[PDB]
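Hydrogens, waters and symmetry mates are skipped; everything else that's a heavy atom, side chains included, is used. Just follow the structure's listing: the first ligand is 1, and inside any ligand the first atom is 1. Along the sequence shown, the residues carry numbers beginning at 1.
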Amino acid sequence: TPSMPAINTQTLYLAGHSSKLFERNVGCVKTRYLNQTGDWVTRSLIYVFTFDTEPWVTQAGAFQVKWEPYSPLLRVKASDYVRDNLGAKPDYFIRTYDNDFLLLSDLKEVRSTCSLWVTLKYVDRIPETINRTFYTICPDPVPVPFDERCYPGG
Ligand SMILES: *[C@@H]1O[C@H](CO[C@@H]2O[C@@H](C)[C@@H](O)[C@@H](O)[C@@H]2O)[C@@H](O[C@@H]2O[C@H](CO)[C@@H](O[C@H]3O[C@H](CO)[C@@H](O)[C@H](O)[C@@H]3O)[C@H](O)[C@H]2NC(C)=O)[C@H](O)[C@H]1NC(C)=O
Ligand SMILES: CC(C)CCC[C@@H](C)[C@H]1CC[C@H]2[C@@H]3CC=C4C[C@@H](O)CC[C@]4(C)[C@H]3CC[C@]12C
Ligand SMILES: *[C@@H]1O[C@H](CO)[C@@H](O)[C@H](O)[C@H]1NC(C)=O
């Protein structure tokens, strides 16, 4: 079966989210794998804050994730900074996933907010099936448009 992306070693990019989650001046949102200790994977949360900040500066946070096989929950132990400023929760509902995408939902909201994550394979072109699922399940879906500037080099 496909490998669960959250505990895998490929970088994940935020491709879509519910409007309510929206943070003004936050762009290029992605997560890189750092290491693993026991059942916990450590990843970074990378982004750019575009207001009154130099254009080459990347903001960075860190968090840990745990996924028991076939669990519908992703466990998240986010840093104090990430919990305080980016609203990270201790658990997320896993709607679906494949080798190169992950769709997460909030646990405690009745009108559950969502986030769609993809690997490099789909950053310039989200497959129609994933896009359709995202627009079906997610309240107030906001796509994150492709931007060349959010990547190393160009
Ligand atoms: C990802 O999906 C988006 C959502 O698609 C819409 O919802 C799905 C669940 C399904 O019902 C699908 O058929 C719907 O289109 C896509 O966005 C939609 O794209 C439409 C076409 O570009 C757009 O439409 C408008 O334009 C036509 C032009 O003739 C008008 O007739 C029509 O009335 C609309 O004004 C539609 O508005 C738009 N929806 C939203 C909410 O953005 C999106 O393109 C797709 N992306 C990929 C990569 O496949
Ligand atoms: C990808 C996996 C492995 C876990 C990620 C967990 C945490 C860090 C994720 C899950 C949902 C994410 C949020 C989803 C949507 C937005 C809106 C955007 O405007 C700014 C980033 C922000 C606010 C994200 C910040 C990081 C976030 C809180
Ligand atoms: C994993 O990364 C974190 C974050 O930088 C670090 O604190 C930790 O020492 C690293 N090593 C291991 C094996 O946990």
Side-chain angles (χ1 to χ4, degrees), residues 2-51 53 58-69 71-109 111-147 150:
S3 290
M4 146 72 128
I7 58 149
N8 213 353
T9 55
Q10 278 285 333
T11 299
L12 295 167
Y13 303 84
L14 183 65
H17 60 85
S18 295
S19 65
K20 174 171 186 221
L21 294 171
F22 185 79
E23 292 289 352
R24 208 143 184 175
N25 312 124
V26 175
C28 310
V29 179
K30 68 179 103 182
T31 171
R32 309 197 184 94
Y33 173 97
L34 303 180
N35 63 54
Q36 184 172 1
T37 49
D39 298 328
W40 294 85
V41 168
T42 306
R43 311 186 68 88
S44 64
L45 181 65
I46 306 301
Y47 59 101
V48 303
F49 188 79
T50 52
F51 190 83
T53 308
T58 79
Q59 307 301 141
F63 63 96
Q64 295 188 99
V65 300
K66 190 186 69 164
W67 181 62
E68 298 270 45
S71 179
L73 302 187
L74 182 62
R75 267 65 201 241
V76 174
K77 287 191 314 188
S79 69
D80 184 284
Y81 188 94
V82 169
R83 289 188 281 109
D84 189 10
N85 287 318
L86 294 166
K89 305 298 190 243
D91 305 276
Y92 287 95
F93 176 34
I94 299 158
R95 305 310 291 261
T96 188
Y97 74 86
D98 204 333
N99 294 310
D100 294 279
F101 88 86
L102 177 63
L103 181 61
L104 300 178
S105 285
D106 199 70
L107 239 76
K108 297 177 179 80
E109 294 165 325
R111 200 156 176 282
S112 187
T113 64
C114 100
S115 63
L116 173 66
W117 304 86
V118 297
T119 65
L120 201 70
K121 182 181 183 169
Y122 305 145
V123 293
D124 57 340
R125 25 63 178 208
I126 304 293
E128 277 181 3
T129 53
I130 292 160
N131 186 54
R132 177 174 180 74
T133 304
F134 166 70
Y135 274 86
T136 298
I137 295 307
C138 199
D140 312 311
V142 174
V144 176
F146 180 79
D147 195 335
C150 295

A.B. asks: Measure the distance from atom 3 (C) of ligand 2 to every protein heavy atom, then report the residue, atom name and distance (to 0.1 Å) of the closest one.
C.D. replies: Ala6 CB, 3.8 Å
A.B. asks: For atom 5 (O) of ligand 3, find the nearest protein heavy atom and state the residue, atom name and distance (0.1 Å precision).
C.D. replies: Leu34 CD1, 4.6 Å
A.B. asks: Please state which option from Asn35, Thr37, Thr42 has its nearest heavy atom closest to atom 2 (O) of ligand 3.
C.D. replies: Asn35
A.B. asks: Just to be sure I read this right, does ligand 2 sit under 4.0 Å from the backbone of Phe63, its side chain, both, or neither, counting only heavy atoms?
C.D. replies: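 Near ligand 2, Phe63 shows its side chain, while the N, CA, C and O stay back.
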A.B. asks: Which residue holds the protein heavy atom closest to atom 21 (C) of ligand 2, what is that atom called, and what is the gap in Å?
C.D. replies: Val29 CG2, 4.0 Å
A.B. asks: Please state which protein non-hydrogen atom is closest to atom 19 (O) of ligand 2 and give its distance, to 0.1 Å?
C.D. replies: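 So the nearest neighbour among protein heavy atoms is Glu23 N, 3.0 Å.
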A.B. asks: Any protein heavy-atom neighbour for atom 2 (O) of ligand 1 (distance below 4.0 angstrom)?
C.D. replies: yes
A.B. asks: Would you say atom 37 (O) of ligand 1 touches the protein, meaning some protein heavy atom is under 4.0 Å from it?
C.D. replies: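 It does not; no protein heavy atom is within 4.0 Å.
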A.B. asks: At what distance is the nearest protein heavy atom to atom 10 (C) of ligand 1, and which residue and atom is it?
C.D. replies: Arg132 NH1, 3.9 Å
A.B. asks: Atom 43 (C) of ligand 1: which protein heavy atom is closest, and how many Å away?
C.D. replies: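 Sorting protein heavy atoms by distance from atom 43 (C) of ligand 1 puts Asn131 ND2, 3.8 Å first.
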A.B. asks: As an exercise, identify every atom of ligand 2 less than 4.0 angstrom from a heavy atom of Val26.
C.D. replies: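 This gives 20 (C) as the contact atoms.
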A.B. asks: I want to confirm something. Looking only at heavy atoms, which of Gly87, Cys114, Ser115 is nearest to atom 11 (C) of ligand 2?
C.D. replies: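 Selected option, by shortest heavy-atom distance: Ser115.
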A.B. asks: Could you check atom 24 (C) of ligand 2 against the protein and tell me its nearest heavy-atom contact, residue, atom and distance included?
C.D. replies: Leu14 CD2, 4.6 Å
A.B. asks: Taking CZ in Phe49 as the centre, count heavy atoms belonging to other residues, nucleotides or ligands within less than 6.0 Å. Is the count above 12?
C.D. replies: yes
A.B. asks: Specify the protein heavy atom at minimum distance from atom 12 (C) of ligand 2: its residue, its atom name, and the distance to 0.1 Å.
C.D. replies: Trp117 CZ2, 3.9 Å
A.B. asks: Quick one: does atom 32 (C) of ligand 1 have a protein heavy atom under 4.0 Å from it?
C.D. replies: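 Within 4.0 Å: no protein heavy atom nearby.
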A.B. asks: Does any part of the side chain of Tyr47, heavy atoms only, come nearer than 4.5 Å to the side chain of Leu14, both counted from C-beta?
C.D. replies: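 Sidechains of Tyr47 and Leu14: no contact.
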A.B. asks: Is there a protein heavy atom at a distance of less than 4.0 Å from atom 5 (O) of ligand 1?
C.D. replies: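 Within 4.0 Å: no protein heavy atom nearby.
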A.B. asks: Report yes if some heavy atom in the side chain of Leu74 is under 4.5 Å from a heavy atom in the side chain of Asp91; otherwise report no.
C.D. replies: no
A.B. asks: Quick one: does atom 7 (O) of ligand 3 have a protein heavy atom under 4.0 Å from it?
C.D. replies: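 For atom 7 (O) of ligand 3 the answer is no, since every protein heavy atom stays at 4.0 Å or beyond.
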A.B. asks: Under 4.0 Å from a heavy atom of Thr31: give me the atoms of ligand 2 that qualify, with their elements.
C.D. replies: 1 (C)
A.B. asks: Would you verify that at least one protein heavy atom lies under 4.0 Å from atom 21 (C) of ligand 1, or report that none does?
C.D. replies: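 No, there is no protein heavy atom closer to it than 4.0 Å.
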A.B. asks: Among all the protein's non-hydrogen atoms, which is closest to atom 40 (C) of ligand 1, and how far away is it?
C.D. replies: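 Going by distance alone, atom 40 (C) of ligand 1 is nearest to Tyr135 CE2, 4.3 Å.
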A.B. asks: Any chance CD of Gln59 has more than 12 other-residue heavy atoms, nucleotides or ligands included, within less than 6.0 Å?
C.D. replies: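 Counting other residues, nucleotides and ligands, CD of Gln59 exceeds 12 neighbours.
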A.B. asks: Among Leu21, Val82, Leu116, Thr113, whose heavy atom sits nearest atom 14 (C) of ligand 2?
C.D. replies: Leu21
A.B. asks: With atoms numbered from 1 as shown, which atoms in ligand 2 lie under 4.0 angstrom from a non-hydrogen atom of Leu86?
C.D. replies: 23 (C), 28 (C)
A.B. asks: Looking at atom 45 (C) of ligand 1, tell me if a protein heavy atom falls under 4.0 Å from it.
C.D. replies: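 Yes, because at least one protein heavy atom sits under 4.0 Å from atom 45 (C) of ligand 1.
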A.B. asks: Looking only at heavy atoms of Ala78, does any of them come nearer than 4.0 Å to an atom of ligand 2?
C.D. replies: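 So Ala78 does not count as touching ligand 2.
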A.B. asks: Do the rings of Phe22 and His17 sit parallel, tilted or perpendicular, given the 30° and 60° boundaries?
C.D. replies: parallel
